[PDB]
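Okay, structure first, notes after.
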Amino acid sequence: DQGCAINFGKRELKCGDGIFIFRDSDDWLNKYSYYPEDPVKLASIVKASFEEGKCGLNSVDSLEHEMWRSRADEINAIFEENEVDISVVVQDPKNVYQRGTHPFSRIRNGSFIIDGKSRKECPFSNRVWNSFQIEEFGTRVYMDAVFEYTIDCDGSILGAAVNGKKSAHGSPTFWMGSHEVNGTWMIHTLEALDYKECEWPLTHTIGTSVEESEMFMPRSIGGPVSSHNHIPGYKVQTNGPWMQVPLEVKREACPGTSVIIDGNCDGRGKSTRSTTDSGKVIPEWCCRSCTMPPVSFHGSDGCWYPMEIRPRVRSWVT
Amino acid sequence: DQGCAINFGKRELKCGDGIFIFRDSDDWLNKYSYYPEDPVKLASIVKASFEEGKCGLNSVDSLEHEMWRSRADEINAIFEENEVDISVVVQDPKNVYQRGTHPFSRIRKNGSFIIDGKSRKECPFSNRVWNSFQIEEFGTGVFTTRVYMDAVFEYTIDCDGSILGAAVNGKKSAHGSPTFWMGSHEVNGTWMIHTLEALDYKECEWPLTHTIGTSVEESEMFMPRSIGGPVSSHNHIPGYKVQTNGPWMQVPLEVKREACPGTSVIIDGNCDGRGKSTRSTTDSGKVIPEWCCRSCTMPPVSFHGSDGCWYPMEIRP
Amino acid sequence: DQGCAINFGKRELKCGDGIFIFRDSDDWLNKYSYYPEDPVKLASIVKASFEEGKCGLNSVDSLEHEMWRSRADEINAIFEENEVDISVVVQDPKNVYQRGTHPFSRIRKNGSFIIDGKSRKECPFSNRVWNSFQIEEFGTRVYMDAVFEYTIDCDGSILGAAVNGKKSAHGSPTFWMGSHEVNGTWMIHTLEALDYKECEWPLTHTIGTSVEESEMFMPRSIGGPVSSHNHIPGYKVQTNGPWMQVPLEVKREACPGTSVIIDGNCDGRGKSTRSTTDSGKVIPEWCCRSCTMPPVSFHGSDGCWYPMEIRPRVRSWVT
Amino acid sequence: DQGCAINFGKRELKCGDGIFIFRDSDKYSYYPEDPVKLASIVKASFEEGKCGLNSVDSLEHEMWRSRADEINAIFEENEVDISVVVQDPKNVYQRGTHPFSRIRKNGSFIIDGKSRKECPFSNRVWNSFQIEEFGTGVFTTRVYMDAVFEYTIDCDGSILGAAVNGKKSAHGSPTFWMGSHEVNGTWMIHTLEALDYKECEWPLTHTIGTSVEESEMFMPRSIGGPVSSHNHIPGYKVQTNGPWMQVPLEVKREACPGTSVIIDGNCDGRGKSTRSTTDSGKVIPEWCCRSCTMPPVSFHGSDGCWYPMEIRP
């Protein structure tokens, strides 16, 4: 990794050798195509899995779903010669990639559904979720079908960095920037193009010296557990708007709403969308310990105030 | 943060945004003009500290030494202009620093105040100040790097985080420092050190908030925490246990995973081990072909210290 | 100038301070906002120059034409408020800025100061100001000060040149020429021209000025550097070249529909001829006298044009 | 080619293609032909009646100093009595007469030593090396040199550089940097540093504008300096007898301590350069010049101030 870097704040121009981390969480992953190793071998594994009765594989990353989208036309016509007749149909869940609990099985009008909905035939469970791994540098072919059921994200594409008082928790579809002010550490950026559920591996987190009930992004949704994951006056956002499209976290009150500090709110509560079902705006909002600048999101339906901003549509993560 | 990397040959140039930490910043040892707060208030603070019975000071980095070396003239000038008897003398320890006990004291013939050097029998290191400096900013020069420093009125055993750095990538990680660089990679399992340059013997503990991953205990860490080293799973080499007693108090080290000329590479499962870190050579500077290592790895680890090759506690005669 | 640079052949990553020349020969000239010296004064200058009796003002660079097209409205407002009644309208030549021979005049039925006017019969290319303008600094992004000094050489505040071993680059906002040295001699491997100027390269911005004419590839008149780096073996000067076209480019490759066979029975030098005839057919038969084995060809508006040395066994009238 | 500058404070960049030259790139590891063929060439040169060599630049001398021991070892292995020694001229390298010859009782082949009456420079080899490759490798800019058997009095053109811009220019080299700018008409030098003393002429194909006559060039031609209109300071003619034989120089536009210069139309001029002080370390504040400028120029070399030929005490 030979290169240069410029920091206009610190006006430094060091070059040479080292370690660099990038911010490729935006629309830049479509540049390089994804070629799984030995597509012929994958057909045998798919055929073996169908024997038990597994409904299908629900992907965990947008890259995984794009791999299936690209290979749908390239693998469906392959096994036609072998006369196996296992049709592959790819559904389109937008960004609500959920967790399944099953690994692959060993080699010993049917349709192999992928990302099937909550149909009565079988639930989200009884499906393969995260039984895959990258070979290297995730030209090259980088895919591996392993039988190791793990409840974390794959660590060959992730990253993290600290450069003094800065911070960064990089990921292909996730990014969290942190900085230190007045001693404690705070969050000032957070984006997520999807809704994963693999927990951040402990080998890529910075400063594991915190417990639960004090972070901002819970570890279930795929948030790092670190001292750099915290905002003053806010606890873990269990009932937050984490089931949405590409998000963003802003430290500002929303256009039409306002927050009035009080002391008779209903504890934690649950988050509420800015626009209620009744169509009437409610400027009455109360807070207990949060700072007077509220936190604002930017996703599918717009503003979703956190749990602590109570009035006087709801998150369904659990 | 608006930088990027290059790859000669394949002709790849991917540019974007992120966080960058470099290794060649550990090459320009003497390129910084350290600036304290001011000649006046610092002299007043050290005079106040000496007022309540303090022998002297003790440098914590290889930067504070040059700061005092460059500002001793101004300190003496302030002492002369203040008509004060106190004076400071700066000796030259090679690279070894030890632990003090007190910070700069509270505000409200020739004097002696040893900034750093051989500790006389007058008093132990207890009657000294060790860690009272905080870096608020790193560099404001257009291309060069001038360092400003702050005053701290409390005793903290941790280093200062304004100069550190630690980044991880795909099967790679590094913990940077102006006088230290640890490089790791993961092959067939866990992580392991493949490059480790140490240039001084500090004694400030690496902050807990700059360690990439705390899934490790104080049982199998190569560089000890007290010597100054990250408490992270990236800071170890398989087959070699904690180096609680090693050649960390020497000239710039270059830990290498190879043997040394004139030596023997044999692994013995019964020879004595886990004692001290004895010198590889003898008084005459000649090789001894009797080295043994315990449960180890085939490529031995050899230090490059003052006298040349050194061996860890896993290798004994 | 502080910065960093790379070299894919030398494998360098040096940084520091020095001199930098860039390849901003793209459509970056439209980003600069041209602010002449006190547009109120420019009205008086134009009024004077008109009173002494000069037809128009054929700009030399695309920057000047863009400046005039942008500031015609403001100058119109100025001499409409001040009651001067000398109408100024900006016409549009494609890229064929020619040479006029007059500097501005000294200070002290509608008037028509046509800018970049076509060669009409009302008055010739004379009575036209050509190059009485001078960039000030930092080539308001870019200023401009009027002068009264007739000049043939280009304006030196925007040009550039650099040699870094065996490489070369004669830069300009609307020009580029990347030279290289192989087997001792120097050649040309890149050439672009977004327009057709006629200001000569100044002798203070040419590298290795030690050669005469009859050995160049782009003559001085078209605005070509006078240097040993401006030369291709087997070709003399391109006096009768296709230099009156749109953005050009020189290629060391025969055009797809044609090929050239080395021979010794051609019809002298003559003049350049397009590959395609008037009727739309392509001529596949070409010959040569002393040119090198790989033929050269341009790519402008009408398409491929071969140099003077290639003949077939109303066109470009540069002369 | 894909590099760019910076605009600190304005926080903007202009990154693209072009040509870049630099000053403070400042290590080096020169590699000759090979330990064998070079040994054969120098052996043949000794056989044909050449006393020794003569280094031309601080690169060739360093290469010889580094590789003389290996050359002697190859000589011992091949059983030849020739031995080479690398004396140390301070920073002065002078001219030879002959190039290397084609391939096919302790003898002495001094690399660059004294001018003893043993033999003059006539029987010496001066410039017979060409740098085929430059830079590369791990930021060491390794340099590979190929023997050349023809006599030329021009420097090696693969390590030079010369750029011009809007009212700025610079002639570059690993041991030379002339910086010119244009103010109120003509060009003038505003920075000049020479870390060596060579006698190779600047190549004619790397001079930015040769509209100059060889009578108004500040740095002369034989000493090694660009032949260009950018190479002069107004009011000063050619310094043929200058303080050029020193360690790293710095042409500065200022007076000297304890000395003052007054333009006098009576005293003579155009002589030889003399130090501002004397052999006893005493300054002489009686300096006069003919046509000069208000700020005097002074070379800062080994001995400190030196005044050009237009200033006499």
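Read-outs throughout are calculated quantities, based only on the coordinates presented, and are distinct from any laboratory measurement. FYI the Cβ positions are ideal-geometry reconstructions off the backbone, even for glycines, and counts take in every protein chain you see.
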For region D:92-171, the percent of all C-alpha pairs falling in each 10 Å bin, from 0 up to the bin holding the max distance, is 13, 31, 31, 17, 5, 1, 0
Inter-chain shielding metric for A:206-212, i.e. average beta-carbon neighbours from other chains within 10 angstrom, reads 5
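Quick one: divide the alpha-carbon radius of gyration of region D:149-290 by 2.2 N^0.38 Å and tell me what you get.
Cα-based Rg divided by the globular estimate yields 1.15.
Treat the count of other C-beta atoms within 10 Å as a stand-in for reagent exposure and order A:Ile309, A:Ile45 from fewest to most.
Details: A:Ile309 22, A:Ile45 15.
So the residues, fewest neighbours to most, are A:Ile45, A:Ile309.
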As straight-line cross-link partners of A:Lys94, the qualifying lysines (C-alpha separation under 19 Å, not fewer than 8 residues apart within one chain) are A:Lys117, A:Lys196
Kirkwood Rh for the protein assembly as shown from C-alpha pairs, in Å, is 38.0
Computed for region A:32-150: size of charge dipole around the Cα centre, +1 on C-beta of each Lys and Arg, -1 on C-beta of each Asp and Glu, debye to nearest 20, value 580
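Write down Rg/Rh for chain A, rounded to two decimals, with Rg from the C-alpha atoms and Rh from the Kirkwood relation over Cα pairs. Walk me through the intermediate numbers first.
Values: Rg = 22.4 Å, Rh = 22.1 Å.
Ratio of gyration radius to Kirkwood radius: 1.01.
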In whole Hz, the Karplus estimates of ³J(HN,Hα) for region B:219-229 (6.51, -1.76, 1.60; θ = phi - 60°; x where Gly or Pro) are 10, 9, 9, 4, 7, x, 5, 5, 5, x, x
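Can you sort D:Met145, A:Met243, A:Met217 by how many other beta carbons sit within 10 Å, fewest first?
Going from least to most buried by this count: A:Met243, D:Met145, A:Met217.
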Among beta bridges assigned by DSSP with both residues in region C:34-146, the antiparallel ones amount in percent, to the nearest 5, to 20
Dipole check, chain C, charges on Cβ (K,R +1; D,E -1), about Cα centroid: among C:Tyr235, C:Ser49, C:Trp130 the Cα furthest to the positive pole belongs to C:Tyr235
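Within region D:127-162, report the chymotrypsin sites (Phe, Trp or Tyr not before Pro) that DSSP leaves as loop and that have at most 12 other Cβ atoms within 10 Å.
Numbers: sites: D:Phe129, D:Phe134, D:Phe139, D:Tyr144, D:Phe149, D:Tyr151; in loops: D:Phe139, D:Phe149, D:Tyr151.
Here the chymotrypsin sites (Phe, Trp or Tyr not before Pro) that fit, given the DSSP loop and packing criteria, are D:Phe149.
Quantify how strongly other chains surround peptide B:21-27 by giving the mean number of their Cβ atoms within 10 Å of each of its Cβ atoms.
Values: counts 10, 12, 6, 6, 5, 2, 1.
Neighbouring Cβ atoms belonging to other protein chains average 6 per residue here.
How many percent of all Cα-Cα pairs in region C:34-146 sit more than 17 Å apart? Could you put the intermediate results ahead of the total?
On the way: 3345 of 6328 pairs.
Considering region C:34-146, 53 percent of its Cα-Cα pairs are separated by more than 17 Å.
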Note: region A:1-50, point scatterers on Cα, Debye, no solvent; log10 I/I(0) at q = 0.18, 0.23, 0.27, 0.31 Å⁻¹ equals -0.81, -0.95, -1.01, -1.11
For C:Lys10, the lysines lying under 17 Å Cα to Cα, once residues fewer than eight places off in the same chain are dropped, come out as B:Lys10, C:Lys166, C:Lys167, D:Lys27
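Arrange B:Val251, C:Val60, A:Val96 by Cβ neighbour counts within 10 Å, fewest through most, would you?
On the way: B:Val251 16, C:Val60 24, A:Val96 12.
If I rank by nearby Cβ atoms, fewest first, I get A:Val96, B:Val251, C:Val60.
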For B:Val187, placing the label point 7 angstrom along Cα-to-beta-carbon and taking region A:141-171, residues whose amide nitrogen sits under 15 Å are none
In Å, the Kirkwood estimate of hydrodynamic radius for region A:232-318 over Cα pairs equals 13.1
